[PDB]
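Novice: Below you'll find the structure I mean.
Number of protein chains: 2
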Amino acid sequence: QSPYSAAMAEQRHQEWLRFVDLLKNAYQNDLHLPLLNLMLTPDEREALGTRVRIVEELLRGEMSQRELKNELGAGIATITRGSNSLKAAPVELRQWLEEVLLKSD
Amino acid sequence: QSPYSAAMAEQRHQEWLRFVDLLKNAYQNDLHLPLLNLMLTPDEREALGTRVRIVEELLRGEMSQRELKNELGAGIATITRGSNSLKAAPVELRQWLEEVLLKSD
DNA sequence: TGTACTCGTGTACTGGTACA
DNA sequence: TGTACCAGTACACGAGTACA
Ligand SMILES: N[C@@H](Cc1c[nH]c2ccccc12)C(=O)O
Ligand SMILES: N[C@@H](Cc1c[nH]c2ccccc12)C(=O)O
Numbered sequence: 004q005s006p007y008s009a010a011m012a013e014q015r016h017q018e019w020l021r022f023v024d025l026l027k028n029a030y031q032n033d034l035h036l037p038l039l040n041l042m043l044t045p046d047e048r049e050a051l052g053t054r055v056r057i058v059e060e061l062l063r064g065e066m067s068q069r070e071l072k073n074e075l076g077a078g079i080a081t082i083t084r085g086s087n088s089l090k091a092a093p094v095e096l097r098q099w100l101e102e103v104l105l106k107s108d
Numbered sequence: 004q005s006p007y008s009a010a011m012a013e014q015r016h017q018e019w020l021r022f023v024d025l026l027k028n029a030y031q032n033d034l035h036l037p038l039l040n041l042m043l044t045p046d047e048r049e050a051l052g053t054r055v056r057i058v059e060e061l062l063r064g065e066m067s068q069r070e071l072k073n074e075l076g077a078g079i080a081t082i083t084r085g086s087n088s089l090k091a092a093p094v095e096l097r098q099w100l101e102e103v104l105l106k107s108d
């Protein structure tokens with residue numbers, strides 16, 4: 004059993020909250036897409052316009068191969084793979100994610 | 004019926020904005036990490052750490068130089084891509100980065 | 001027969017060398 | 001001079017296959 008610097012949410016590999024404070028401080032206005040450029044490949048317009056499009060239906064249909072995740076977008080894998088959402092675990096904090104969507108509780 | 008996209012239309016690409024306003028709100032704590040991974044790019048948790056960290060230090064003066072780009076974590080193709088990064092932004096969006104470094108604020 | 005999951009490839013990442 | 005291509009890593013984006 005090794006010791007741990009307090010509990011809180013960030014620990015072991017935090018190095019991210021210092022990232023959000025500046026990443027969103029720009030989000031307030033149109034300064035959310037100026038970060039998807041200074042990094043060259045951040046042209047994730049498809050990795051964002053198509054990936055968000057996967058939960059968009061995963062939280063409603065979640066049937067995979069039936070709407071248009073890839074026939075004209077991109078998700079077939081990024082929409083059916085969502086079944087593995089455990090990777091970024093939604094339920095852990097989906098509680099707030101649903102708060103801004105449904106969180107019917 | 005129609006998405007009405009003739010003039011302006013909603014907040015322009017609501018797909019990215021809906022993911023920005025929801026981010027900042029949860030970006031305050033760890034409610035954004037579930038989304039940054041289960042709805043953005045999760046293995047990118049390292050990519051963002053290294054994609055901005057290069058621009059972060061780029062404005063400072065390091066993380067790129069036949070040895071900083073590497074010691075940084077993967078800035079070589081990145082540090083160099085950082086130049087191409089201007090591609091997703093004609094020095095305008097990069098201007099927000101300066102807003103928190105030299106532009107003014 | 002249908003559908004789900006897993007897999008493929010290109011390249012995110014990571015970093016080295018050569019060229020511009 | 002540093003990076004862009006290129007090499008490596010392992011994954012992402014994207015594809016296909018297998019089972020039910
Ligand atoms: N996540 C960034 C990673 C990146 C690629 N090349 C870069 C150059 C500089 C900074 C970041 C990057 C992106 O989407 O591209
Ligand atoms: N970058 C995320 C995007 C993604 C791929 N497949 C998904 C399935 C569901 C939700 C998101 C995704 C990932 O690699 O996982």
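Just so you know, the sequences run in chain order B and A. Remember, the deposited numbering sits 3 above the position in the first sequence when you count from 1. Remember, the deposited numbering sits 3 above the position in the second sequence when you count from 1. Positions of the beta carbon are idealized from the N, C-alpha and C atoms, including for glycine.
(1) Applying a beta-carbon distance threshold of less than 7 Å, which residues of chain B neighbour A:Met42?
(2) Three-state secondary structure (DSSP) at A:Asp108?
(3) Between A:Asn73 and chain B, is any beta-carbon pair separated by less than 8 Å?
(4) Output yes if chain B places a C-beta closer than 8 Å to the C-beta of A:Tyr30; else output no.
(5) Look at the alpha carbon of B:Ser8 and the alpha carbon of A:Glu95, and state the distance between them as a whole number of angstroms.
(6) So is A:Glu13 in contact with chain B if we call contact Cβ pairs under 8 Å?
(7) From this set, A:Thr44, A:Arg15 and A:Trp19, which residue's C-alpha is nearest B:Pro93's C-alpha?
(8) Give a yes or no on whether the minimum CB-CB distance between A:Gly85 and chain B is below 8 Å.
(9) With a threshold of 7 Å, establish whether the CB of B:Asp24 neighbours any heavy atom of ligand 2.
(10) Could you list which residues in chain B have their beta carbon closer than 7 Å to that of A:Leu25, in chain order?
(11) Report the start-end ranges of each beta strand (DSSP E) in the region 22-87 of chain B that is 3 residues or longer and not cut off at the edges.
(12) What is the DSSP secondary structure of B:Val94, counted as helix, strand or coil?
(13) Say whether the region 27-43 of chain A touches the region 11-21 of chain B, bearing in mind that this needs 3 or more beta-carbon pairs closer than 8 Å, one atom from each stretch.
(14) Check whether the region 52-67 of chain B touches the region 77-85 of chain B, taking contact to mean three or more Cβ pairs, one atom from each stretch, closer than 8 Å.
Specialist: Per the coordinate set shown:
(1) To locate residue 42 of chain A, count along the second sequence from 1; it is residue 39. Here the neighbours are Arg54, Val55 and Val58.
(2) Translated into positions along the second sequence, residue 108 of chain A becomes position 105. Three-state DSSP puts A:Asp108 in coil, outside helix and strand.
(3) Here the question's residue 73 of chain A lines up with position 70 in the second sequence. Residue contact check for A:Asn73 against chain B: no CB pair falls below 8 Å.
(4) Working through the second sequence from its first residue, we reach residue 30 of chain A at position 27. With 8 Å as the cut-off, A:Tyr30 counts as an interface residue toward chain B.
(5) Position 5 of the first sequence, counting from 1, holds the residue named residue 8 of chain B. Position 92 of the second sequence, counting from 1, holds the residue named residue 95 of chain A. Spanning the two alpha carbons is a distance of roughly 41 Å.
(6) Translated into the one-based positions of the second sequence, residue 13 of chain A becomes position 10. Answer no: the Cβ-Cβ gap between A:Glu13 and chain B never drops below 8 Å.
(7) Here residue 93 of chain B refers to the residue found at position 90 of the first sequence. B:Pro93 has its Cα closest to that of A:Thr44, out of A:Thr44, A:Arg15 and A:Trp19.
(8) Within the second sequence, numbered from 1, the residue matching residue 85 of chain A stands at position 82. Yes - at least one Cβ of chain B is within 8 Å of the one on A:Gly85.
(9) Sequence index remark: in the first sequence, residue 24 of chain B carries index 21 (1-based). False, no ligand heavy atom lies under 7 Å from that Cβ.
(10) Along the second sequence, one-based indexing puts residue 25 of chain A at 22. Within 7 Å Cβ-Cβ: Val103.
(11) Correct list: empty.
(12) Stepping through the first sequence from its first residue, residue 94 of chain B is reached at position 91. Three-state DSSP puts B:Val94 in a helix.
(13) yes
(14) yes
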